[PDB]
Each structure stands twice: as structure tokens, then as C-alpha cells.
>>> print(open('target39.pdb').read())   # PDB, C-alpha atoms
ATOM      1  CA  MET A   1     128.249 106.102  29.714
ATOM      2  CA  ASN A   2     128.878 109.121  31.799
ATOM      3  CA  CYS A   3     127.919 110.619  35.050
ATOM      4  CA  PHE A   4     124.449 111.522  33.791
ATOM      5  CA  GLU A   5     123.541 107.990  33.085
ATOM      6  CA  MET A   6     124.676 106.685  36.465
ATOM      7  CA  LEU A   7     122.599 109.277  38.268
ATOM      8  CA  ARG A   8     119.689 108.925  35.870
ATOM      9  CA  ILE A   9     119.626 105.331  37.105
ATOM     10  CA  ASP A  10     120.302 105.861  40.830
ATOM     11  CA  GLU A  11     118.269 108.904  41.399
ATOM     12  CA  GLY A  12     115.924 109.274  38.442
ATOM     13  CA  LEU A  13     115.305 111.778  35.659
ATOM     14  CA  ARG A  14     112.026 113.745  35.487
ATOM     15  CA  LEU A  15     111.235 115.861  32.393
ATOM     16  CA  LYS A  16     108.237 117.750  33.877
ATOM     17  CA  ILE A  17     108.347 119.955  36.988
ATOM     18  CA  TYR A  18     107.653 117.824  40.128
ATOM     19  CA  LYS A  19     107.601 118.544  43.906
ATOM     20  CA  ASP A  20     110.321 116.846  45.920
ATOM     21  CA  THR A  21     109.768 115.090  49.287
ATOM     22  CA  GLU A  22     109.556 118.501  50.978
ATOM     23  CA  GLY A  23     107.259 120.154  48.423
ATOM     24  CA  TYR A  24     109.779 122.053  46.323
ATOM     25  CA  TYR A  25     109.460 122.394  42.557
ATOM     26  CA  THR A  26     112.171 120.405  40.883
ATOM     27  CA  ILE A  27     113.086 118.977  37.568
ATOM     28  CA  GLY A  28     115.656 116.873  35.783
ATOM     29  CA  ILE A  29     117.859 114.952  38.101
ATOM     30  CA  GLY A  30     116.887 116.660  41.382
ATOM     31  CA  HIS A  31     117.444 120.167  39.953
ATOM     32  CA  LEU A  32     115.821 122.625  42.312
ATOM     33  CA  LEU A  33     113.961 125.371  40.597
ATOM     34  CA  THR A  34     112.800 127.563  43.488
ATOM     35  CA  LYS A  35     111.774 127.454  47.077
ATOM     36  CA  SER A  36     108.721 129.520  46.233
ATOM     37  CA  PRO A  37     105.305 127.778  46.523
ATOM     38  CA  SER A  38     104.298 128.996  43.168
ATOM     39  CA  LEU A  39     104.035 126.669  40.167
ATOM     40  CA  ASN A  40     104.238 129.830  37.939
ATOM     41  CA  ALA A  41     107.306 131.086  39.684
ATOM     42  CA  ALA A  42     108.691 127.604  39.138
ATOM     43  CA  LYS A  43     107.882 127.679  35.423
ATOM     44  CA  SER A  44     109.366 131.219  35.299
ATOM     45  CA  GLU A  45     112.671 130.009  36.698
ATOM     46  CA  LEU A  46     112.796 127.162  34.220
ATOM     47  CA  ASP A  47     112.320 129.422  31.206
ATOM     48  CA  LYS A  48     115.164 131.565  32.623
ATOM     49  CA  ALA A  49     117.460 128.697  33.055
ATOM     50  CA  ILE A  50     116.595 127.195  29.688
ATOM     51  CA  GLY A  51     116.291 130.416  27.950
ATOM     52  CA  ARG A  52     113.089 129.499  26.386
ATOM     53  CA  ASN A  53     109.378 129.052  26.798
ATOM     54  CA  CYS A  54     108.968 125.609  28.271
ATOM     55  CA  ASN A  55     105.824 125.547  30.238
ATOM     56  CA  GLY A  56     107.438 123.184  32.707
ATOM     57  CA  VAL A  57     108.634 120.528  30.359
ATOM     58  CA  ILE A  58     112.157 119.963  29.120
ATOM     59  CA  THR A  59     114.057 117.659  26.820
ATOM     60  CA  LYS A  60     116.634 115.106  27.905
ATOM     61  CA  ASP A  61     119.329 117.162  26.515
ATOM     62  CA  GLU A  62     118.234 120.139  28.550
ATOM     63  CA  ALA A  63     118.110 118.221  31.693
ATOM     64  CA  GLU A  64     121.616 117.132  30.914
ATOM     65  CA  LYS A  65     122.643 120.728  30.645
ATOM     66  CA  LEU A  66     121.208 121.383  34.125
ATOM     67  CA  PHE A  67     122.693 118.243  35.569
ATOM     68  CA  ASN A  68     126.138 119.396  34.395
ATOM     69  CA  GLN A  69     125.747 122.798  36.102
ATOM     70  CA  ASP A  70     124.786 120.966  39.254
ATOM     71  CA  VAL A  71     127.836 118.762  38.818
ATOM     72  CA  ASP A  72     130.080 121.766  38.386
ATOM     73  CA  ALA A  73     128.813 123.363  41.602
ATOM     74  CA  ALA A  74     129.420 120.082  43.472
ATOM     75  CA  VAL A  75     132.994 119.894  42.210
ATOM     76  CA  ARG A  76     133.682 123.414  43.028
ATOM     77  CA  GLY A  77     132.820 122.623  46.599
ATOM     78  CA  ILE A  78     134.859 119.490  46.622
ATOM     79  CA  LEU A  79     137.853 121.353  45.510
ATOM     80  CA  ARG A  80     137.585 123.781  48.477
ATOM     81  CA  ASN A  81     137.538 120.714  50.801
ATOM     82  CA  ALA A  82     140.903 119.551  52.160
ATOM     83  CA  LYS A  83     139.862 116.071  52.762
ATOM     84  CA  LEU A  84     138.123 115.612  49.513
ATOM     85  CA  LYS A  85     140.267 117.555  47.224
ATOM     86  CA  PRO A  86     143.256 115.183  46.940
ATOM     87  CA  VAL A  87     141.046 112.100  46.462
ATOM     88  CA  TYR A  88     138.988 113.587  43.648
ATOM     89  CA  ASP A  89     142.205 114.867  42.268
ATOM     90  CA  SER A  90     143.507 111.379  42.291
ATOM     91  CA  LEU A  91     140.564 109.414  40.731
ATOM     92  CA  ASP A  92     139.771 108.588  37.198
ATOM     93  CA  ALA A  93     136.641 109.857  35.483
ATOM     94  CA  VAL A  94     134.518 106.927  36.207
ATOM     95  CA  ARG A  95     135.596 106.869  39.840
ATOM     96  CA  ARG A  96     135.031 110.597  40.047
ATOM     97  CA  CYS A  97     131.441 109.938  39.043
ATOM     98  CA  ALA A  98     131.010 107.518  41.950
ATOM     99  CA  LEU A  99     132.292 110.091  44.432
ATOM    100  CA  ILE A 100     129.907 112.678  43.042
ATOM    101  CA  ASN A 101     127.195 110.243  43.303
ATOM    102  CA  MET A 102     127.881 110.012  47.009
ATOM    103  CA  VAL A 103     127.988 113.748  47.431
ATOM    104  CA  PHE A 104     124.663 114.122  45.715
ATOM    105  CA  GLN A 105     123.261 111.517  48.020
ATOM    106  CA  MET A 106     124.509 112.553  51.445
ATOM    107  CA  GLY A 107     126.214 115.892  50.894
ATOM    108  CA  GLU A 108     129.742 117.122  51.087
ATOM    109  CA  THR A 109     129.852 116.852  54.775
ATOM    110  CA  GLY A 110     128.654 113.255  54.934
ATOM    111  CA  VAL A 111     131.320 112.031  52.497
ATOM    112  CA  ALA A 112     134.062 113.900  54.266
ATOM    113  CA  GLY A 113     133.233 111.617  57.172
ATOM    114  CA  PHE A 114     134.688 108.465  55.427
ATOM    115  CA  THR A 115     138.158 109.339  56.611
ATOM    116  CA  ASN A 116     139.641 106.031  56.119
ATOM    117  CA  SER A 117     137.784 105.063  53.018
ATOM    118  CA  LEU A 118     138.883 108.165  51.449
ATOM    119  CA  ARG A 119     142.459 107.460  52.398
ATOM    120  CA  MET A 120     142.364 104.092  50.748
ATOM    121  CA  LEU A 121     140.845 105.478  47.603
ATOM    122  CA  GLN A 122     143.581 108.022  47.191
ATOM    123  CA  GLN A 123     146.058 105.195  47.469
ATOM    124  CA  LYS A 124     144.291 102.899  44.930
ATOM    125  CA  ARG A 125     143.511 100.178  47.431
ATOM    126  CA  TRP A 126     140.295  99.464  45.660
ATOM    127  CA  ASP A 127     139.356  96.329  47.478
ATOM    128  CA  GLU A 128     140.127  97.558  50.934
ATOM    129  CA  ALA A 129     138.145 100.636  50.088
ATOM    130  CA  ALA A 130     135.224  98.556  48.990
ATOM    131  CA  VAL A 131     135.474  96.519  52.203
ATOM    132  CA  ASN A 132     135.651  99.630  54.146
ATOM    133  CA  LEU A 133     132.794 101.241  52.484
ATOM    134  CA  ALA A 134     130.511  98.314  53.181
ATOM    135  CA  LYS A 135     130.658  98.894  56.973
ATOM    136  CA  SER A 136     129.012 102.296  56.778
ATOM    137  CA  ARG A 137     125.643 103.142  57.861
ATOM    138  CA  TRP A 138     124.941 104.259  54.270
ATOM    139  CA  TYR A 139     125.588 100.769  52.930
ATOM    140  CA  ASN A 140     122.949  99.409  55.168
ATOM    141  CA  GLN A 141     120.304 102.056  54.433
ATOM    142  CA  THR A 142     120.412 102.197  50.594
ATOM    143  CA  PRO A 143     122.110  98.974  49.824
ATOM    144  CA  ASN A 144     121.253  98.697  46.106
ATOM    145  CA  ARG A 145     122.581 102.105  45.336
ATOM    146  CA  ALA A 146     125.482 101.671  47.701
ATOM    147  CA  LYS A 147     126.488  98.311  46.192
ATOM    148  CA  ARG A 148     126.517  99.859  42.668
ATOM    149  CA  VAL A 149     128.586 102.820  43.823
ATOM    150  CA  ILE A 150     131.140 100.652  45.626
ATOM    151  CA  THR A 151     131.388  98.316  42.708
ATOM    152  CA  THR A 152     132.241 101.343  40.531
ATOM    153  CA  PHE A 153     134.965 102.394  42.963
ATOM    154  CA  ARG A 154     136.190  98.847  43.072
ATOM    155  CA  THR A 155     136.355  98.172  39.327
ATOM    156  CA  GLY A 156     136.672 101.608  37.698
ATOM    157  CA  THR A 157     133.969 100.581  35.154
ATOM    158  CA  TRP A 158     130.201 100.841  34.727
ATOM    159  CA  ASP A 159     129.647  97.167  35.066
ATOM    160  CA  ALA A 160     127.348  97.595  37.968
ATOM    161  CA  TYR A 161     125.113  99.580  35.709
ATOM    162  CA  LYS A 162     125.459  97.506  32.557
ATOM    163  CA  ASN A 163     122.014  96.007  32.283
ATOM    164  CA  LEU A 164     120.005  98.700  34.023
TER     165      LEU A 164
END
>>> encode(input="target39.pdb", output="C-alpha cells")
Amino acid sequence: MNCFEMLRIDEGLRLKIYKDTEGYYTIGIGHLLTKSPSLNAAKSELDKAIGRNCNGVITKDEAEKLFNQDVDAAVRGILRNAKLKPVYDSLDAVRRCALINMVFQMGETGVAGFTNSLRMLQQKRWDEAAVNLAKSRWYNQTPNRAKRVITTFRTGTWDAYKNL
């Protein structure tokens, strides 16, 4: 399992163009196509991105391609972020997925807020970090997702996602 699978489960994968909460044309795992109100413009952007005639429908593999670009852009930001940089730098691959997961959820700025949690994570105090994370506002609002993410930080495995 990789990052794609974790997010496919927490956020959801859509193979046909859809509108998000706000009305924007999206696809894959929350991959924004365009802020234009046109379905055609949306399809046009997809074909560009794919490099082929899709008519608004992609394969899993393709979505994965897009998800990775999205992931790269997130990381690039992380790496220009003093508080986040050393933590990401310090985590293993699995654990890096969990952090990304958070970024995707609440943005770069929201995660930067977990001052302490972050400190513990960079120090490999997994449990304390998990304890710490559970006091957030985030943990109370999206508790299923948050439990799964914390469990990943705590164990360094995909156990939370095993039978999903």
C-alpha cells in the first residue's frame, strides 16, 4: 500500500468529472480541473493533462498519475516550510503519507499549527504524539479519519487501513 490507497480510502477516488462542494469540476482524488463553469472547458483541461481524448473519464492508473503530481506540489510546499520541513525530513515513507494526508485535509497552514505534535514526531515519541494529536479540534470533527491517521503515525504501518 502507498499513499494513493490511504487517500483513496479517506477522501475517495472518482473516475468521472464531478463538481466539488463549491461547484468546481474535479476528478480523481480531489484533483481540480478548472475554476471555469464550463463542463467543456473542464473536459478540455483533462485531455490536456492526460494527453488524450477522455471525454471526462479516466482510468485508475491515470488518476494515480494526477494524484502523484498533486503530492509533489504538496511536498514542494512542505519543504519551503521551516516548521514542517525537518519533520517530513525525519519521517519514514508511511509516516510521510500520514502527514500529507493531513495537509490535504486542512492545508499547510493548519498542520503547521500543531507545534508540539510536530516536535514530538520529529523526535520519534510516537505515543506522546498520538496523545497529543487526539486533543485537537480536528480529532473531534473528523474522528474516523483522524483516528486512522494518528494510528499510522503511532505504528508506522497501514494497520488502520488493513480491512478497508
>>> resolve_selection(input="target39.pdb", expression="the PyMOL selection byres ((chain A and resi 36) around 12)", output="list in words")
residues 19, 23, 24, 25, 26, 32, 33, 34, 35, 37, 38, 39, 40, 41, 42, 43, 44 and 45 of chain A
>>> atom_distance(input="target39.pdb", atom1="CA of residue 115 in chain A", atom2="CA of residue 142 in chain A")
20.1 Å
>>> residues_around(input="target39.pdb", residues="residue 91 in chain A", least_positions_apart="3", cutoff="10 Å", atoms="only C-alpha atoms", output="ChimeraX atom specification")
/A:86-88,94-99,121-124,153,156
>>> residues_around(input="target39.pdb", residues="residue 9 in chain A", least_positions_apart="4", cutoff="12 Å", atoms="all atoms listed in the file", output="list in words")
residues 1, 2, 3, 4, 5, 13, 14, 29, 101, 144, 145, 148, 149, 158, 160, 161, 162, 163 and 164 of chain A
>>> write_last_selection(input="target39.pdb", atoms="C-alpha atoms", output="compact mmCIF listing (two decimals), keeping the file's coordinate frame")
# COMPACT_ATOMS: atom_id res chain seq x y z
CA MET A 1 128.25 106.10 29.71
CA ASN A 2 128.88 109.12 31.80
CA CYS A 3 127.92 110.62 35.05
CA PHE A 4 124.45 111.52 33.79
CA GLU A 5 123.54 107.99 33.08
CA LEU A 13 115.30 111.78 35.66
CA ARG A 14 112.03 113.74 35.49
CA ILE A 29 117.86 114.95 38.10
CA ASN A 101 127.20 110.24 43.30
CA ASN A 144 121.25 98.70 46.11
CA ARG A 145 122.58 102.10 45.34
CA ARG A 148 126.52 99.86 42.67
CA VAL A 149 128.59 102.82 43.82
CA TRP A 158 130.20 100.84 34.73
CA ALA A 160 127.35 97.60 37.97
CA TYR A 161 125.11 99.58 35.71
CA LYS A 162 125.46 97.51 32.56
CA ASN A 163 122.01 96.01 32.28
CA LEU A 164 120.00 98.70 34.02
>>> atom_distance(input="target39.pdb", atom1="CA of residue 73 in chain A", atom2="CA of residue 46 in chain A")
18.0 Å
>>> residues_around(input="target39.pdb", residues="residue 127 in chain A", least_positions_apart="2", cutoff="10 Å", atoms="all atoms listed in the file", output="VMD selection string")
chain A and resid 120 to 121 124 to 125 129 to 133 150 to 151 153 to 155
>>> residues_around(input="target39.pdb", residues="residue 58 in chain A", least_positions_apart="4", cutoff="12 Å", atoms="only C-alpha atoms", output="list in words")
residues 13, 14, 15, 16, 17, 26, 27, 28, 29, 43, 46, 47, 49, 50, 51, 52, 53, 54, 62, 63, 64, 65 and 66 of chain A
>>> closest_residue(input="target39.pdb", among="A:93, A:106, A:134, A:84", to="residue 118 in chain A", atoms="all atoms listed in the file")
A:84
>>> residues_near_point(input="target39.pdb", point="(132.9, 116.5, 41.3)", cutoff="6 Å", atoms="all atoms listed in the file", output="ChimeraX atom specification")
/A:74-75,100
>>> atom_distance(input="target39.pdb", atom1="CA of residue 18 in chain A", atom2="CA of residue 72 in chain A")
22.8 Å
>>> decode(input="target39.pdb", residues="range 60-158 of chain A", atoms="C-alpha atoms", output="PDB file, in the first residue's frame")
ATOM      1  CA  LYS A  60      -7.315   4.338 -12.121  1.00  0.00           C
ATOM      2  CA  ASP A  61      -3.851   4.494 -13.307  1.00  0.00           C
ATOM      3  CA  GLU A  62      -4.387   7.954 -14.703  1.00  0.00           C
ATOM      4  CA  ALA A  63      -5.871   9.221 -11.579  1.00  0.00           C
ATOM      5  CA  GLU A  64      -2.822   7.889  -9.844  1.00  0.00           C
ATOM      6  CA  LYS A  65      -0.662   9.902 -12.154  1.00  0.00           C
ATOM      7  CA  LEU A  66      -2.602  13.052 -11.198  1.00  0.00           C
ATOM      8  CA  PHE A  67      -2.596  12.209  -7.532  1.00  0.00           C
ATOM      9  CA  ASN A  68       1.212  11.963  -7.649  1.00  0.00           C
ATOM     10  CA  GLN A  69       1.537  15.421  -9.254  1.00  0.00           C
ATOM     11  CA  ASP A  70      -0.689  16.761  -6.522  1.00  0.00           C
ATOM     12  CA  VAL A  71       1.502  15.008  -3.976  1.00  0.00           C
ATOM     13  CA  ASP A  72       4.627  16.511  -5.470  1.00  0.00           C
ATOM     14  CA  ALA A  73       3.207  20.038  -5.271  1.00  0.00           C
ATOM     15  CA  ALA A  74       2.260  19.452  -1.612  1.00  0.00           C
ATOM     16  CA  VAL A  75       5.777  18.301  -0.769  1.00  0.00           C
ATOM     17  CA  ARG A  76       7.342  21.123  -2.537  1.00  0.00           C
ATOM     18  CA  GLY A  77       5.440  23.437  -0.267  1.00  0.00           C
ATOM     19  CA  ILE A  78       6.297  21.478   2.799  1.00  0.00           C
ATOM     20  CA  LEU A  79       9.905  21.729   2.031  1.00  0.00           C
ATOM     21  CA  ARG A  80       9.727  25.564   1.894  1.00  0.00           C
ATOM     22  CA  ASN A  81       8.141  25.477   5.399  1.00  0.00           C
ATOM     23  CA  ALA A  82      10.524  25.772   8.358  1.00  0.00           C
ATOM     24  CA  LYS A  83       8.308  24.091  10.771  1.00  0.00           C
ATOM     25  CA  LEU A  84       7.348  21.286   8.537  1.00  0.00           C
ATOM     26  CA  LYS A  85      10.485  20.674   6.694  1.00  0.00           C
ATOM     27  CA  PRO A  86      12.529  18.938   9.422  1.00  0.00           C
ATOM     28  CA  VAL A  87       9.630  16.674  10.463  1.00  0.00           C
ATOM     29  CA  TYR A  88       8.897  15.423   6.961  1.00  0.00           C
ATOM     30  CA  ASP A  89      12.587  15.098   6.544  1.00  0.00           C
ATOM     31  CA  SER A  90      12.654  12.929   9.568  1.00  0.00           C
ATOM     32  CA  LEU A  91       9.702  10.523   8.897  1.00  0.00           C
ATOM     33  CA  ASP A  92       9.558   7.255   7.140  1.00  0.00           C
ATOM     34  CA  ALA A  93       7.509   6.742   3.994  1.00  0.00           C
ATOM     35  CA  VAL A  94       4.450   5.514   5.651  1.00  0.00           C
ATOM     36  CA  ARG A  95       4.547   8.307   8.211  1.00  0.00           C
ATOM     37  CA  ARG A  96       5.177  10.796   5.442  1.00  0.00           C
ATOM     38  CA  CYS A  97       1.917   9.647   3.898  1.00  0.00           C
ATOM     39  CA  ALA A  98       0.048  10.422   7.122  1.00  0.00           C
ATOM     40  CA  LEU A  99       1.452  13.950   7.224  1.00  0.00           C
ATOM     41  CA  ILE A 100       0.432  14.503   3.623  1.00  0.00           C
ATOM     42  CA  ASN A 101      -2.898  13.226   4.424  1.00  0.00           C
ATOM     43  CA  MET A 102      -3.232  15.975   6.992  1.00  0.00           C
ATOM     44  CA  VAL A 103      -2.036  18.628   4.610  1.00  0.00           C
ATOM     45  CA  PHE A 104      -4.550  17.561   2.025  1.00  0.00           C
ATOM     46  CA  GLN A 105      -7.224  17.762   4.647  1.00  0.00           C
ATOM     47  CA  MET A 106      -6.570  21.072   6.374  1.00  0.00           C
ATOM     48  CA  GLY A 107      -3.804  22.696   4.357  1.00  0.00           C
ATOM     49  CA  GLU A 108      -0.223  23.566   5.004  1.00  0.00           C
ATOM     50  CA  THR A 109      -1.094  26.284   7.358  1.00  0.00           C
ATOM     51  CA  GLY A 110      -3.385  24.186   9.538  1.00  0.00           C
ATOM     52  CA  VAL A 111      -0.751  21.482  10.080  1.00  0.00           C
ATOM     53  CA  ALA A 112       1.937  23.994  10.860  1.00  0.00           C
ATOM     54  CA  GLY A 113      -0.253  24.858  13.827  1.00  0.00           C
ATOM     55  CA  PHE A 114       0.486  21.513  15.658  1.00  0.00           C
ATOM     56  CA  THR A 115       3.661  22.938  17.104  1.00  0.00           C
ATOM     57  CA  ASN A 116       4.076  20.474  19.777  1.00  0.00           C
ATOM     58  CA  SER A 117       2.808  17.469  17.944  1.00  0.00           C
ATOM     59  CA  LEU A 118       5.187  18.157  15.269  1.00  0.00           C
ATOM     60  CA  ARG A 119       8.009  18.415  17.750  1.00  0.00           C
ATOM     61  CA  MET A 120       7.237  15.028  19.169  1.00  0.00           C
ATOM     62  CA  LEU A 121       7.046  13.449  15.765  1.00  0.00           C
ATOM     63  CA  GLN A 122      10.468  14.674  14.809  1.00  0.00           C
ATOM     64  CA  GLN A 123      11.762  13.100  17.980  1.00  0.00           C
ATOM     65  CA  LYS A 124      10.015   9.708  17.452  1.00  0.00           C
ATOM     66  CA  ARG A 125       7.827   9.982  20.519  1.00  0.00           C
ATOM     67  CA  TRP A 126       5.077   8.194  18.722  1.00  0.00           C
ATOM     68  CA  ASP A 127       2.773   7.678  21.628  1.00  0.00           C
ATOM     69  CA  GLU A 128       3.044  11.138  23.044  1.00  0.00           C
ATOM     70  CA  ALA A 129       2.420  12.416  19.567  1.00  0.00           C
ATOM     71  CA  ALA A 130      -0.660  10.301  19.251  1.00  0.00           C
ATOM     72  CA  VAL A 131      -1.856  11.545  22.651  1.00  0.00           C
ATOM     73  CA  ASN A 132      -1.161  14.999  21.616  1.00  0.00           C
ATOM     74  CA  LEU A 133      -2.862  14.738  18.366  1.00  0.00           C
ATOM     75  CA  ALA A 134      -6.062  13.492  19.942  1.00  0.00           C
ATOM     76  CA  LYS A 135      -6.650  16.820  21.764  1.00  0.00           C
ATOM     77  CA  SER A 136      -7.019  18.805  18.564  1.00  0.00           C
ATOM     78  CA  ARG A 137     -10.094  20.223  17.232  1.00  0.00           C
ATOM     79  CA  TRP A 138      -9.516  18.117  14.091  1.00  0.00           C
ATOM     80  CA  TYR A 139      -9.723  14.887  16.072  1.00  0.00           C
ATOM     81  CA  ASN A 140     -13.114  15.827  17.271  1.00  0.00           C
ATOM     82  CA  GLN A 141     -14.511  16.934  13.898  1.00  0.00           C
ATOM     83  CA  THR A 142     -13.445  14.015  11.638  1.00  0.00           C
ATOM     84  CA  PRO A 143     -12.740  11.385  14.177  1.00  0.00           C
ATOM     85  CA  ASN A 144     -12.721   8.313  11.895  1.00  0.00           C
ATOM     86  CA  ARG A 145     -10.225   9.814   9.552  1.00  0.00           C
ATOM     87  CA  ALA A 146      -8.275  11.357  12.383  1.00  0.00           C
ATOM     88  CA  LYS A 147      -8.070   8.072  14.318  1.00  0.00           C
ATOM     89  CA  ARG A 148      -6.701   6.277  11.201  1.00  0.00           C
ATOM     90  CA  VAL A 149      -4.132   8.996  10.579  1.00  0.00           C
ATOM     91  CA  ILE A 150      -2.921   9.026  14.186  1.00  0.00           C
ATOM     92  CA  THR A 151      -2.743   5.285  14.278  1.00  0.00           C
ATOM     93  CA  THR A 152      -0.468   5.453  11.209  1.00  0.00           C
ATOM     94  CA  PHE A 153       1.782   7.975  12.946  1.00  0.00           C
ATOM     95  CA  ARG A 154       1.739   5.837  16.032  1.00  0.00           C
ATOM     96  CA  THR A 155       2.573   2.483  14.430  1.00  0.00           C
ATOM     97  CA  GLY A 156       4.357   3.342  11.168  1.00  0.00           C
ATOM     98  CA  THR A 157       2.162   0.748   9.357  1.00  0.00           C
ATOM     99  CA  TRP A 158      -1.104   0.625   7.417  1.00  0.00           C
TER     100      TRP A 158
END
